[PDB]
Amino acid sequence: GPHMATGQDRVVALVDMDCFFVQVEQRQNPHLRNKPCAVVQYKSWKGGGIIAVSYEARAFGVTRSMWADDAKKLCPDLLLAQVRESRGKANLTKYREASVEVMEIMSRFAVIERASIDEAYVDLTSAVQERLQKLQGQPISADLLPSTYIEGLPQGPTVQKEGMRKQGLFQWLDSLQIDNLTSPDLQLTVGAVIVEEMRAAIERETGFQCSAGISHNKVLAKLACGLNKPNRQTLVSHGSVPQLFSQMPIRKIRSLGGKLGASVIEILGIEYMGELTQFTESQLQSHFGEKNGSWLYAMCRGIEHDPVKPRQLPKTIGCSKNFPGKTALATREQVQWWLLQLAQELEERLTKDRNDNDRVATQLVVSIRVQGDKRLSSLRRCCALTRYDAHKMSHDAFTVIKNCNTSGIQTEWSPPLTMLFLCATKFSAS
DNA sequence: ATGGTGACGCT
DNA sequence: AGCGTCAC
Ligand SMILES: Nc1ccn([C@H]2C[C@H](O)[C@@H](COP(=O)(O)NP(=O)(O)OP(=O)(O)O)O2)c(=O)n1
Ligand SMILES: [Mg+2]
Ligand SMILES: [Mg+2]
């Protein structure tokens, strides 16, 4: 009791852009605003692969990974924006640049951890402590939280979404202990006021809307973020965790959406995150390893210690292309031409990175797939990256992979190559 | 024949 | 080092 850590020591937010690549295209092209629309890559094969989908198009059943020809069957008026193609491949520069817009804004508020192209964690603990000193025990108006949901409320003793949101917010604020600066719930609430300001800045300065979660750790903030997406933010308090977890499928928690989470379900015979509380730490460690068992034991109680890492920039800059089915690369000339395309895009991105960010990459990782292997990568080889030169990079890549070629005949490639990937890594200051 | 990414863990 | 998992 008096020695039981409750994992209420930090205020962490996760900001996640709404339908991000679609909003980038809608900002650019006003004709796509407030329409069913999707972003597609590669138009020739079944109208292109959908990679992002506006909320209006989601209502028709359009999803990511669908072919656009198929999505048009569900939504005949779907509008499409296509990813740029340069050097024979999809080029994601525009989305990378839009991501820097958002991340630079967020960084004004707090140090961020870039978790993906469209989301960042924020450790707001310090900012909250400072704002609590100005909010000199004065209560927090609902007007300061105009887009905030308090998960689990309203509860206890209006049939529209906004009415429910407000009732829940009022319950929460009416019970809050504003005179106590160390109250975790108070800290979260001030965290949420800060996130409202951050989200308004993002929208004002970019035109982009986003969702956010506010809780005491990354996993709860991420989970919270998705509860009321789009264009809303969600506060998940420590106290909300038992009910929230009681019906929360295990696969919804970050890192449990794959084989480990499946093994939790299978081995333990459970379905919901809350059901984990019934195992000892040692029991969990015995099935899932020391690190995972300890993490699960705490996480099912709403407790996690993973810090928000101070890192705004990607640690790797990579370029890849798949060559599926019959397009697989079967000649040495093909392999070299495409290694060069990749190397050229990579050179351009690396040169810009070095000018903007005062660093240089030092290692080149070369990864390939051969026809017939059913693993993402078949083979990964590193070499030194000593010059930002596409012909050098492409020549070196070829050098480190050429003995994969089981062909006797000189100019053929066997088995043919279904993927090429160049990744610049091991950055140093410059 | 979603594809083109990116972070991190294990041995 | 090279392989694997998990995810946006
Ligand atoms: N498999 C995936 C997942 C994401 N992305 C890109 C396109 C997305 O717009 C963007 C962000 O991913 P996301 O957050 O998973 N989804 P998105 O922002 O489109 O919609 P929301 O559900 O977040 O509103 O990354 C991708 O290209 N391939
Ligand atoms: Mg998003
Ligand atoms: Mg995201």
Side-chain angles (χ1 to χ4, degrees), chain A residues 14-21 38-53 62-71 82-96 99 113-121 210-211 218-219 222 225-226 229 251-263 288-292 295 306 309 311 313-328 341-342 345-346 349 363 365-369 371 373-384 400-401 418-426:
Chain A
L14 178 279
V15 177
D16 185 291
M17 308 306 292
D18 298 333
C19 58
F20 186 45
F21 288 15
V39 174
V40 71
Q41 93 193 331
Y42 299 123
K43 209 86 188 48
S44 299
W45 178 272
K46 309 197 89 211
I50 289 177
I51 63 172
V53 182
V62 180
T63 65
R64 176 164 71 213
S65 107
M66 191 166 272
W67 301 113
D69 287 351
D70 294 335
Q82 54 199 86
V83 174
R84 170 187 310 131
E85 291 182 42
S86 312
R87 303 189 234 252
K89 69 180 289 301
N91 187 306
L92 304 170
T93 302
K94 192 196 297 188
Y95 311 109
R96 293 199 188 95
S99 176
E113 176 178 348
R114 187 210 191 255
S116 78
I117 196 152
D118 87 325
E119 75 213 69
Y121 297 93
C210 65
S211 300
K218 293 158 57 168
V219 163
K222 172 68 177 163
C225 184
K229 198 181 234 300
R251 67 177 179 280
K252 302 305 179 168
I253 296 303
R254 193 202 57 86
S255 79
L256 300 188
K259 289 173 183 194
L260 177 58
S263 79
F288 313 110
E290 188 181 306
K291 182 161 155 298
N292 285 334
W295 186 91
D306 189 35
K309 289 166 194 56
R311 184 182 57 77
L313 296 180
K315 306 169 101 138
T316 58
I317 296 190
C319 291
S320 67
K321 190 163 173 60
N322 292 348
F323 296 100
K326 84 282 185 169
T327 64
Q341 296 328 286
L342 289 181
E345 176 185 330
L346 188 51
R349 288 166 61 193
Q363 174 178 81
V365 175
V366 184
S367 183
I368 70 184
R369 212 206 189 197
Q371 196 140 239
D373 179 349
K374 92 199 308 300
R375 299 169 296 151
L376 170 59
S377 176
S378 293
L379 182 126
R380 194 150 277 196
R381 289 283 188 277
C382 67
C383 66
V400 309
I401 67 169
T418 47
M419 182 280 286
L420 291 181
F421 178 26
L422 298 178
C423 188
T425 66
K426 307 301 180 54

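Proteins come first, then strands; the chains are lettered A, B, ... in the order of their sequence lines, and each starts at number 1. Keep in mind that the numbers below use all heavy atoms, side chains included, and drop hydrogens, waters and symmetry copies.
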Separation of B:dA7 P from A:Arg114 CZ (nearest whole Å)
7 Å

Quick one: label [X] by what it contacts on the DNA or RNA (base, sugar-phosphate, nothing), any heavy atom closer than 4.0 Å.
{"X": "A:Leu92", "result": "sugar-phosphate"}
{"X": "A:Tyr42", "result": "sugar-phosphate"}
{"X": "A:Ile51", "result": "base"}
{"X": "A:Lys321", "result": "sugar-phosphate"}
{"X": "A:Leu379", "result": "sugar-phosphate"}
{"X": "A:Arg381", "result": "sugar-phosphate"}
{"X": "A:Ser65", "result": "base"}
{"X": "A:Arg251", "result": "nothing"}
{"X": "A:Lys222", "result": "sugar-phosphate"}
{"X": "A:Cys423", "result": "nothing"}

Given the rule that a pair is Watson-Crick or G-U wobble with both distances under 3.5 Å, how would you write DNA chain C in dot-bracket, using | for pairs to a different strand?
|||||||.

Gap between atom CD of A:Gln41 and atom CG of A:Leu92 - 0.5 Å precision
6.5 Å

